[PDB]
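Here is the structure we will look at.
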Amino acid sequence: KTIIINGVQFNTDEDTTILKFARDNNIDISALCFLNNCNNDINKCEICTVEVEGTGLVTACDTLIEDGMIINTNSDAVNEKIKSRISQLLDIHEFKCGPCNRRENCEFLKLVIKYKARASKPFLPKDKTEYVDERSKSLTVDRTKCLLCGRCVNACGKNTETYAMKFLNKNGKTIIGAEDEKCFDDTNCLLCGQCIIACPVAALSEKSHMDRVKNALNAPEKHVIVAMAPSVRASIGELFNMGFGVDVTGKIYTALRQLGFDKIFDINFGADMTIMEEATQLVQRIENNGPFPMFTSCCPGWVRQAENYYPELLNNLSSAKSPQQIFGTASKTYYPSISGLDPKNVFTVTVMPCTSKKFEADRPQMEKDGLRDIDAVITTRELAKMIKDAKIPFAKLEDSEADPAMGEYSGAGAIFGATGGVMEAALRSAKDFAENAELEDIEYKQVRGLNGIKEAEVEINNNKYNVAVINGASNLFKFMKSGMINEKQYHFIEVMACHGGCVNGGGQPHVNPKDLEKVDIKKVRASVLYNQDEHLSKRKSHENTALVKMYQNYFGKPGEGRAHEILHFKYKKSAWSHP
Ligand code: 402
Ligand code: SF4
Ligand code: SF4
Ligand code: SF4
Ligand code: SF4
Ligand code: FES
Ligand SMILES: [Mg+2]
Ligand SMILES: [Mg+2]
């Protein structure tokens, strides 16, 4: 219980690692491959090296403290070891930060500066083509940056339990990649991008849509609509040193105008649309007394999980399009009818916290009359890069508002970005629809928060119903495999692939791992959303006035006829085959 670190004595009953004990006691220990409570078991980076008297050099991140330990974190032996390991990394690292997309927030660069490290022989490949894989609609790899730290492999395992990201033996050398070095899209990968979030450097990235967007903007005849996800207004401010949990909605609208977008709408409008359709489908099922359960279908990471692991549930998914695609569909049909635009000249761009959204947008059948629902999807990070490249002073911009026709949104739509958000929003409408009433108690705190699996009983029209909120792809696996699905009859289930909801999406700003233990990123980003909900006068999707008018004037009644024909999408399992 007694340990000495750099000459300082501590008394403690704690059972923890040297790294965690030292950092709790404000002692600096560097780390690289340690993240998500694990390190690279096979190829330890050893950046967390410390000296334990009587033992030698040990890795602090996976060595437990023991009574009587005398530890030096900053001896010559230690600093030369760490510097040596960083130098070896530089030997396989294309160290050219100028045009690098992690230039502003790279963990490796920070370590190189800290230890004054240099390559024993600079790595300068002639042909990066063999190092880069951009076949995916969603994820790209640049192995000239890869430190083989395993953080993406561990994060895939931890977050999704698919292990789609693996170590591979290629040409007799170790790389990371997909099963058999396939394109990720052709594997059980969810394209959720949690591996990207985990990456300390620029080796993993989103598939860029930025030139699709800039081309559309500069095309004379193109009318470029832009619309951002719920999570974007709660996040993007982090990349302009505005801190965490800042609502920057009004600034984003202003910046998008300054970027030259022709119409400023909002995906939250599409969220209200999804609710209109999905809550209607839920009431339909309640009155048909089936089929049950109905699952949400707005998360393309979860749709891919269902496709790849549970195709028997594909017919249990709501046929309502996701906020992105339903908005997109409306952008090519309703929007011209109220604007005069030639549908073929409309180019619809979304801004998402999500890499999987790019795959969804590019699904061959997400189209009508030769017109894509969505033409481009850029991540939070990409929009930040566009803003910085345009030299727009984001933090000092005035607030503007969205164009109302497809920009208004309710508080129900606003909270989509948090785990349990869709559930809560959908219940607010379904209850009003089924009872043909406008109920006052609308908050469903039971489905909120970061618990991995959330259940609640709701009563609708003198009948009790069972709902569940699955928070993260690994938790969907747990729910199903453990038979939790069978311990009662579920009627409506929300699934999000990313733990925390879209606020923790694969397209979101990276956050430093130590600032990550300072701030709960999942809760602080979500707090912006719930707070908008609390202060909006319209808190149900079906009270959205521009939505109501669009339905009254163009689509008709949700869930039926026109709305069904246009605003819905069904996923179908493959017929039985041998082999
Ligand atoms: N389409 C859509 Fe969604 C909405 O609204 C986003 O835009 Fe999400 C967010 N934020 C993302 O990415 S998707 C999963 N449904 C919940 S939130
Ligand atoms: S990954 Fe980091 S260290 Fe490597 S070139 Fe990019 S910014 Fe520089
Ligand atoms: S995108 Fe998601 S599922 Fe695919 S390798 Fe990365 S973490 Fe795993
Ligand atoms: S892609 Fe990134 S997280 Fe994965 S091993 Fe390479 S450097 Fe580490
Ligand atoms: S939870 Fe949100 S960000 Fe994550 S994969 Fe699903 S839609 Fe994308
Ligand atoms: S951080 Fe401890 S071995 Fe990598
Ligand atoms: Mg370990
Ligand atoms: Mg233009």
Side-chain angles (χ1 to χ4, degrees), residues 32-33 35-36 40 43 45 89 92-93 102 106-108 133 136 138-168 174-179 183-185 187-207 229-232 235 267 296-305 308-309 322-324 350 352-360 377 379-380 416-419 421-422 470-474 476 494-508 510 522:
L32 174 57
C33 78
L35 192 67
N36 297 309
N40 204 18
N43 173 38
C45 73
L89 289 179
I92 60 164
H93 193 84
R102 288 295 297 274
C106 179
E107 270 180 71
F108 189 57
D133 179 8
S136 178
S138 279
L139 324 169
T140 68
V141 188
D142 183 358
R143 292 186 182 85
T144 74
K145 308 301 183 191
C146 179
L147 306 178
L148 294 181
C149 67
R151 280 161 55 154
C152 55
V153 173
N154 283 331
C156 184
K158 199 91 137 44
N159 275 281
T160 77
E161 294 287 344
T162 72
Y163 302 92
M165 185 72 68
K166 307 182 185 307
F167 290 108
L168 302 167
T174 301
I175 67 170
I176 50 80
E179 165 87 27
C183 172
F184 288 93
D185 301 8
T187 73
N188 286 334
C189 183
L190 312 180
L191 303 173
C192 70
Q194 285 301 313
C195 43
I196 301 166
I197 296 305
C199 189
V201 290
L204 293 169
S205 307
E206 57 272 62
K207 185 68 174 292
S231 300
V232 183
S235 327
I267 290 302
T296 54
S297 64
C298 44
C299 174
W302 146 244
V303 173
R304 278 187 59 91
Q305 190 177 30
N308 298 328
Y309 297 92
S322 74
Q324 170 168 285
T350 71
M352 296 280 132
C354 185
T355 46
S356 205
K357 285 292 166 184
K358 293 181 183 99
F359 181 87
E360 188 181 4
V377 176
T379 60
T380 304
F416 254 60
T419 163
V422 176
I470 310 304
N471 185 21
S474 52
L476 183 283
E494 165 193 320
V495 193
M496 296 290 143
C498 300
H499 182 263
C502 300
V503 286
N504 188 38
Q508 283 288 62
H510 297 81
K522 297 167 192 167

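Read the numbers this way: they start at 1 and go in the same order the structure lists the ligands and their atoms. Along the sequence shown, residues are numbered consecutively beginning with 1.
Near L139, meaning under 4.0 Å from any of its heavy atoms, are these atoms of ligand 3: 1 (S). Near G505, with a cut-off below 4.0 Å to any heavy atom, the atoms of ligand 5 are 3 (S). Taking a cut-off of under 4.0 Å to the non-hydrogen atoms of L204, the atoms of ligand 4 that pass are 1 (S). Taking every heavy atom of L191 and a limit of under 4.0 angstrom, the matching atoms of ligand 3 come to 1 (S), 4 (Fe). Residue-ligand proximity, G150 to ligand 4, at heavy-atom distances under 4.0 Å covers atoms 5 (S), 8 (Fe). Residue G193 approaches ligand 3 through these ligand atoms, each under 4.0 Å from one of its heavy atoms: 1 (S), 2 (Fe). Proximity to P300 (heavy-atom distance under 4.0 Å) selects the following atoms of ligand 5: 7 (S). Of all the atoms in ligand 4, the ones that sit under 4.0 Å from a non-hydrogen atom of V201 are 7 (S). Atoms of ligand 4 lying under 4.0 Å from any heavy atom of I176, numbered from 1 in the order shown and given with element: 1 (S).
Among the atoms of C192, an N, O or S atom falls under 2.8 Å of atom 2 (Fe) of ligand 3. At a cut-off of 2.8 Å, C152 does not coordinate atom 8 (Fe) of ligand 4 through any N, O or S atom.
Residues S138 and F184 have side chains not in contact (no heavy-atom distance under 4.5 Å, counting atoms from C-beta outward). Contact of the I470 side chain with the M496 side chain is not registered, since no non-hydrogen atoms from C-beta on lie closer than 4.5 Å. Proximity of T174 to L168: side-chain heavy atoms (C-beta onward) are nowhere separated by under 4.5 Å. Inter-residue side-chain proximity for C146 and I92 is flagged as unmet; no heavy-atom pair is nearer than 4.5 Å. Residues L89 and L32 form a side-chain contact, since some pair of their non-hydrogen atoms from C-beta on lies under 4.5 Å apart. Between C149 and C45, the closest side-chain pair of non-hydrogen atoms is not below 4.5 Å.
Among all non-hydrogen protein atoms, the one lying nearest atom 4 (Fe) of ligand 3 is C189 SG, 2.3 Å. Among all protein heavy atoms, the one lying closest to atom 2 (Fe) of ligand 4 is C199 SG, 2.3 Å. The shortest contact between atom 8 (Fe) of ligand 4 and any protein heavy atom is with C149 SG, 2.3 Å. Remark: minimum distance from atom 3 (S) of ligand 3 to any protein heavy atom is reached at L190 N, 3.3 Å.
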Would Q324 and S322 count as a side chain to side chain contact (heavy atoms under 4.5 Å, CB included) here? Give the steps. CA-CA 5 Å; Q324 170 168 285; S322 74; 3.9 Å; yes
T380/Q508 under side chain to side chain donor-acceptor pair (under 3.5 Å): CA gap, chis, key distance, verdict: CA-CA 6 Å; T380 304; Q508 283 288 62; 2.8 Å; yes
Please lay out, stage by stage, how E107 and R151 fare under the test salt bridge (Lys or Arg N to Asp or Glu O under 4.0 Å). CA-CA 12 Å; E107 270 180 71; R151 280 161 55 154; 2.7 Å; yes
Test side chain to side chain contact (heavy atoms under 4.5 Å, CB included) applied to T140 and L204, step by step: CA-CA 6 Å; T140 68; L204 293 169; over 6 Å; no
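The closest heavy-atom contact to atom 7 (S) of ligand 4, among the options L147, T174, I197, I175, comes from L147. Across the listed options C195, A497, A164, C195 owns the non-hydrogen atom lying nearest to atom 6 (Fe) of ligand 3.
At a heavy-atom cutoff of 4.0 Å, ligand 4 is contacted by the backbone of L148 but not by its side chain. By the criterion of a heavy-atom distance under 4.0 Å, neither the backbone nor the side chain of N159 is placed next to ligand 3.
In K166, the NZ atom is crowded: over 12 heavy atoms of neighbouring residues, nucleotides or ligands sit closer than 6.0 Å.
A donor-acceptor pair shorter than 3.5 Å can be found between the side chains of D185 and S136.
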